[PDB]
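Q: Chains as they are written, first to last, in the deposited numbering: chain m, 101 to 140; chain h, 162 to 189; chain r, 244 to 254, 269 to 340, 354 to 378, 391 to 485; chain k, 16 to 93, 97 to 203; chain l, 3 to 47, 62 to 100, 105 to 204; chain i, 60 to 116; chain j, 187 to 229, 244 to 263, 287 to 349, 365 to 465; chain o, 120 to 149.
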Amino acid sequence: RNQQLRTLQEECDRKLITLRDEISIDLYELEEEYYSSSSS
Amino acid sequence: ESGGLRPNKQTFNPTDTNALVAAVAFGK
Amino acid sequence: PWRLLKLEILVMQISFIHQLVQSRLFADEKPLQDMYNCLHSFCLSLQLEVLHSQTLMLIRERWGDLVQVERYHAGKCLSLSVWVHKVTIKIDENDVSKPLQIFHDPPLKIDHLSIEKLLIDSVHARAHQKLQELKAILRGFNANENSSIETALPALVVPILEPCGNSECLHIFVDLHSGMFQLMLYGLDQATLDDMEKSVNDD
Amino acid sequence: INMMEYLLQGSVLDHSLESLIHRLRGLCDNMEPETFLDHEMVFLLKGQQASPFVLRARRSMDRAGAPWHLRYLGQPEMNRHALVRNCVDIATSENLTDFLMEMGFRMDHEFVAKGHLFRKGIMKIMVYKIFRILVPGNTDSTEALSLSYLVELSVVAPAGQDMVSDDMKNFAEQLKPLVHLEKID
Amino acid sequence: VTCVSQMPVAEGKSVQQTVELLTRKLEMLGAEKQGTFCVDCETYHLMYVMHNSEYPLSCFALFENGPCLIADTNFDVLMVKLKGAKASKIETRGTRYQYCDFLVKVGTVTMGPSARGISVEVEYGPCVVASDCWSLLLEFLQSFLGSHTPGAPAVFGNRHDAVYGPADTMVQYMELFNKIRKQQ
Amino acid sequence: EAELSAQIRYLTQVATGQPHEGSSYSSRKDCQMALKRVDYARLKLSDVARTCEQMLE
Amino acid sequence: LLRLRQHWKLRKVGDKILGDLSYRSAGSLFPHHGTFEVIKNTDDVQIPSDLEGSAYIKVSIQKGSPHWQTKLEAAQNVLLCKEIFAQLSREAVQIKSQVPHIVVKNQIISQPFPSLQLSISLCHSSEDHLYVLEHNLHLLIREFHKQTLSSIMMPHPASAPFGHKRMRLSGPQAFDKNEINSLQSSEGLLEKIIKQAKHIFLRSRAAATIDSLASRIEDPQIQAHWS
Amino acid sequence: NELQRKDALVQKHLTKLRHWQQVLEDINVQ
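(1) Got a sec: is the Cβ-Cβ distance from i:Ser105 to anything in chain o below 8 angstroms?
(2) Please identify, using Cβ separations under 8 angstroms, the residues of the segment 101–130 of chain m that lie next to chain o, in order along the chain.
(3) Check the Cβ of l:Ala12 against every Cβ in chain k and list those closer than 9 angstroms, keeping chain order.
(4) Where DSSP assigns a beta bridge to r:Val324, which residues make up the other side?
(5) Taking 8 angstroms as the CB-CB limit, is j:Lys258 close to chain r?
(6) Are three or more beta carbon pairs between the segment 38–47 of chain k and the segment 133–145 of chain k nearer than 8 angstroms?
(7) Given a limit of 8 angstroms on CB to CB distance, which residues of the segment 74–88 of chain k reach chain l?
(8) Helix, strand or coil for m:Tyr134? Go by DSSP, reduced to three states.
(9) Ignore the nearest five residues each way along the sequence and tell me which others in r:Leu323's own chain have a CB closer than 8 angstroms to its CB.
(10) With DSSP as the reference, label l:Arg179 as helix, strand or coil.
(11) Under the three-state reduction of DSSP, which class applies to r:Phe373: helix, strand or coil?
(12) Could you tell me whether the Cβ atoms of k:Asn104 and k:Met19 are closer together than 8 angstroms?
(13) Our contact map puts l:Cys75 next to l:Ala174 with C-beta atoms below 8 angstroms; I'd like the distance itself, whole angstroms only.
(14) Go to l:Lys35, then tell me how far its beta strand (DSSP E) extends in each direction, as first and last residue.
(15) What's the C-alpha gap between l:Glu44 and k:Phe117?
(16) Can you name the start and end residues of the beta strand (DSSP E) that k:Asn104 belongs to?
(17) Classify r:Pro445: buried if its beta carbon has 16 or more other beta carbons within 10 angstroms, exposed otherwise.
(18) Given that i:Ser86 touches chain m, what residues does it touch there, using C-beta distances under 7 angstroms?
(19) Would DSSP call k:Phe68 helix, strand or coil?
(20) Thinking C-alpha only, which one of j:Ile438, j:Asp457 and j:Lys415 is nearest j:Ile261?
(21) Between the C-alpha atoms of l:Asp92 and k:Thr110, what's the straight-line distance to the nearest angstrom?
(22) Quick check: the segment 109–128 of chain l against the segment 10–25 of chain l, are there 3 or more CB pairs under 8 angstroms?
(23) Does the CB of j:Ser214 have a neighbour CB from chain l at under 8 angstroms?
(24) Using a cut-off of 9 angstroms between C-beta atoms, extract the partners of i:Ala74 located in chain k.
(25) Looking at k:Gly155: is its Cβ nearer than 8 angstroms to the Cβ of k:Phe51?
(26) Could you work out which residue in r:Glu398, r:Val366, r:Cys451 and r:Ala407 is closest to r:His374 when comparing CA atoms only?
(27) Which of the three DSSP states is assigned to j:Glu381 in this structure?
(28) Check distances from the C-beta atoms of the segment 101–126 of chain k to those of chain l and list, in chain order, the residues that come in under 8 angstroms.
(29) Please list the partners that i:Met114 has in chain j, where partner means a Cβ-to-Cβ separation under 7 angstroms.
(30) Under 8 angstroms, Cβ to Cβ, is there at least one residue of chain A near l:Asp188?
(31) Return no unless some Cβ of chain o is closer than 8 angstroms to the Cβ of i:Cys90.
(32) Rounded to a whole number of angstroms, what is the C-alpha to C-alpha distance between j:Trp291 and j:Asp244?
(33) Could you spell out the range, first to last residue, of the beta strand (DSSP E) harbouring l:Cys5?
(34) Within 8 angstroms (strictly less), CB to CB, does k:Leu60 reach chain l?
(35) For o:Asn147, which residues in chain i fall below 8 angstroms Cβ to Cβ?
(36) Determine, using beta carbons only, whether r:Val357 and r:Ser310 come nearer to each other than 8 angstroms.
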């Protein structure tokens, strides 16, 4: 059960790291986006 | 009743034990 | 009335004390008042017991030696000392009907089941007394201005330059558990801060 | 300062070793099983005057990011339920070979130890099958010395008369059928 | 990239007052003074074992022109239990000053009760094989000691290709101590 | 009788002294922490989706 | 019962089941010593009356698995958060952080940077900024426990005692001056979390002031890109 | 034109959020 729970933990951490990566790319696109003249 | 009970496969083997502890102690 | 009926106590033992109180009340002088006296005796003893239990718990887990005890058993009174300052509770048998009563050296007050609360309220007022004298000292020096913040942290920020920046002025703190002063100034070299610490703590 | 070593020795055969390891992993700790591959040397002080004198130096072989360890165990001091004698733990850098050779010692016998290590309480229990090295100066060719393995409970404590021997006896009893531990020699 | 050297009394003033002069100069440069240091040594039979305050978990044993292993503090005990010493000990002791990434120690070397001289130790903290950095060390000491002189000692370590640990420091220490015992 | 005696003999062999100081609670705490992490992430993600939906009108 | 002793950790003694919840495989060194008990109910288990309701260490800022497993896990969490708050309350009267801090009975109020009041509470029954802070505190205390029992303590050579695998290298490899040796000493538990709390706040203040500067100008645009 | 570009960007990000949402909660279900 130790090995089983370790595998589960590794899967969850992998999913979360790939999530933080993809959302970071999106946030960089937005960093480009929400900084452009709000004159109107 | 036929007791005659005898443990199976003594795990110590004291003579080999003395040999091992003597090698670690002095010489081989 | 003289006969006892099942008594309930809110804070076998209850069985034994039940029998004992339904025993002494046929002396037929004024049983109700004598029973009130003998029971409030047990109420105060139970409350002293619970307070002492809580003091032992707090001295082994949180506070450590910062609180030291002077107490008399079979007299049912407990006195705790915090850093110098001592607080004690008594019964004042002179008229037992008066509930439990407390003392401090000077204070310049109601207790419910919690002894940490009393210690904390007491030390809070005590520290806030030292801060008043520090404010008096400052006002003695400079008739300008100074401030105190009431919030659970015992403040007395002290500004050092006329156009004030709260960010840099000076913060004098009193540790509610030890009494020794605590100073922060945002970057006073961390050594001169220690020197000023020892000075202000001494005198 | 001035630590003492308490030791219990005994052997365990091969299949009984699977059983014993399986049992000890039951009661040591939850930490992990840790393997153990060393290489020991014993350097004799000629001592022109009086008597022989020995130092044993173990160099790890599993980690290699780890230092070498000197150990000198004094004569067995003499009811204590364990073999009691001095133990100096001296960790040194990878130079002690030539250093001790210059000091005046010489390598008597080298034995490589492969086995297991466990640590319950202050106590430390290990099994390891002392391989023999046929070629002087190589840890590749390693013949078995005895068909069986060796176990040792060991505790290193201050010099003060302590109750280490009591825990020794208890933990010795709790593994009595598989392995026997007693003083020796 | 430690460098050690023996600064004469230049009497002049007394050896302690010589230390006082050095202390005053180094305080003048603008260096903060940290906790004291102490290095001491013993010889056996010839083997040298010495302790240092910069490394208070490791005691170094060195044969002259040979091996120099570092050990744990419990190497003194092994030498104790090994009686199979001369009481020519030496013991430097003084304060530790810190410049910007730059540490310099001055001491009054003492044998028995009589201080034989003054020994100064400088170690430029962040460094690698000395052959590249000794320039900077000379650049600094020329201000501090250069009045007398510093003279390149890391030649005791400059012959090699490329390495530097903490041993060569105590090697230099031992060389200096052997120099201070001999002459008055 | 014979079978039960054999079982008792084997049980002596296993010898079953004091309890096994073995526990898998460490990996369990860690895995529960990971599950809580992914739960927090999914929660905040649902929230930011709601927000972008609102803005997307 | 085979299943229950497949998941949660029990030793059976004296016609009874000495079932321990306290963290002892991972050394917790908190006295309560766990010790739940079972009765025969397959359809159970009783919790030792001191760890009962729910823990929920609500650190905050201010301006269909078998039924037995649910009860076991709830009790274990309750003991864990009790242990954390005990450690924190200890550190309170301890090392005397540069910022002062009050502990009352279950709320540990402190002030980092003034106008900030961090309250670390224990909501025994029967935010999300500090939610990161809470989940981090949990890992911190479990790192303490692990530091007790770990391989790092284990010696690679069958040799001197159970040093930290670095205290060796603090030897032969002449290793330490005051700084390097001191790098091994510990820095407490409240001090670390106070650190983080401050960090989160700071970060919040900087992000707020930069974006508010962005809002109020529309002349030279202030673009930003966090890491 | 910027309005169009903006709602396009936010909609793309919304699709990405849906994707990763399902993925994470799935990994939870498994």
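The C-beta atom is built at its ideal place from N, Cα and C for all residues, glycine as well.
A: On the basis of the supplied data:
(1) yes
(2) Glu111, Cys112, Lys115, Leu116, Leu119, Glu122, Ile123, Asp126, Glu129 and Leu130
(3) Neighbours of l:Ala12 on chain k: none; closest Cβ ~40 angstroms, over 9 angstroms.
(4) r:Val339
(5) no
(6) yes
(7) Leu85 and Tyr87
(8) coil
(9) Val339, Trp340, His459 and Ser460
(10) coil
(11) strand
(12) yes
(13) About 23 angstroms; that fails the 8 angstroms criterion.
(14) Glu34 to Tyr46
(15) 17 angstroms
(16) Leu101 to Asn104
(17) exposed
(18) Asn102, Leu105 and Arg106
(19) coil
(20) j:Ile438
(21) 13 angstroms
(22) yes
(23) no
(24) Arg38, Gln192, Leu193, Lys194, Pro195 and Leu196
(25) no
(26) r:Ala407
(27) helix
(28) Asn104, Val106, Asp107, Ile108, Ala109, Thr110, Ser111, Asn113, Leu114, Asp116, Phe117, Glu120 and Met121
(29) Per Cβ cutoff of 7 angstroms: no residues; i:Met114 is ~17 angstroms from chain j at best.
(30) Although the question refers to chain A, the structure presented lacks it and instead comprises the protein chains m, h, r, k, l, i, j and o.
(31) no
(32) 7 angstroms
(33) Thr4 to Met9
(34) yes
(35) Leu94, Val97, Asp98 and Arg101
(36) no
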